[PDB]
Amino acid sequence: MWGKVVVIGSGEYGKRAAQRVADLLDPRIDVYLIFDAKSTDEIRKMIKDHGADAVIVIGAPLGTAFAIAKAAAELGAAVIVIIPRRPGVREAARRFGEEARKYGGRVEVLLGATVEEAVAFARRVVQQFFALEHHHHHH
């Protein structure tokens, strides 16, 4: 296996998108799928035991998604955060991204997209995250 990705989906949109992402990720990725995140501390332990390279958090409530993603970033994982359409979340998401980026990891956020756009966004970021380093600029 090439790496370890944890996929967490909460709520109706998040669970559907999370299942599709897990179904469509390259089989060389070791994927751990979790539905309906409740305890941030329990998620944190499951992220530590899986030794996650990246954590994909999809759905709502926003406060939970951001809390999970911050905990993953604190553990050194790349994070991909995908929030279903909600009004007025732009500045909250900008502040989350600024805080999560203080850890120095990769932080990617998608707001208000369809399920299939969410799936494509997760797949594109994971594709980049697993790319070989034969290029010029590096994170």
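Note on numbering: residues are counted from 1 along each chain in the order of its written sequence, which can differ from the entry, and residues with no coordinates are hidden. Excluded from the side-chain calculations are hydrogens and water; all other atoms, namely the structure's heavy atoms, are used. Residues with missing side-chain atoms are left out of burial classes, side-chain pairs and their counts.

Chemist: How would you sum up the pairing of strand 5 (residues 107-111)? Please name residues and give values.
Modeler: For strand 4 (residues 78-83) and strand 5, the ladder comprises five bridges, and the chain directions are parallel. Across the sheet, residue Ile-83 finds its bridge partner in strand 5, namely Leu-111. Note: two strands are recorded as paired if DSSP finds a minimum of 2 bridges between them. Each helix is a run of DSSP H or I of at least 4 residues and each strand a run of E of at least 2, with the numbering of both proceeding from the N terminus.

Chemist: Hey, could you go over the sheet that holds strand 5 for me, with residue numbers and the actual values?
Modeler: Pairing within the open sheet is parallel, and its five strands lie in the order 2-1-3-4-5. Strands with a single pairing partner mark the edges of an open sheet, and in this sheet they are strand 2 (29-35) and strand 5. Each strand of the sheet is rotated relative to its neighbour by a mean of 10 degrees, with strand direction disregarded. In the packing of helix 1 (residues 11-24) onto the sheet, the strands contacted are strand 1 (3-10), strand 2, strand 3 (54-59) and strand 4, and the crossing angle to strand 1 comes to about 155 degrees. Working convention: axes come from line fits to C-alpha atoms, limited for helices to the stretch in contact. Angles between N-to-C directions cover 0 to 180 degrees. Residues are treated as being in contact if the distance between any of their heavy atoms lies within 4.5 Å.

Chemist: Before we move on, can you summarise the pairing of strand 3 with the specific residues and values?
Modeler: Two faces make up the sheet, and in a regular strand the side chains alternate between them. Counted residue by residue, strand 3 has six buried out of six residues, so it is predominantly covered. Sheet topology note: the strand 1/strand 3 ladder contains six bridges and is parallel. Bridge pairing links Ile-8 to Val-57 in strand 3. As judged from the five bridges shared by strand 3 and strand 4, these two strands associate in the parallel manner. Paired with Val-55 across the strands is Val-79, a residue of strand 4. When the strands point away from the viewer and the connection leading from the first strand across the helix to the second strand turns clockwise, the crossover is called right-handed. After leaving strand 3, the chain enters helix 3 (residues 62-74) and then returns to the sheet as strand 4, a path that is right-handed. To sort residues, take the accessible area from a 1.4 Å probe on protein chains only and compare it with the maximum for the residue type: under 20% means buried, over 50% means exposed, and anything in between is partly exposed.

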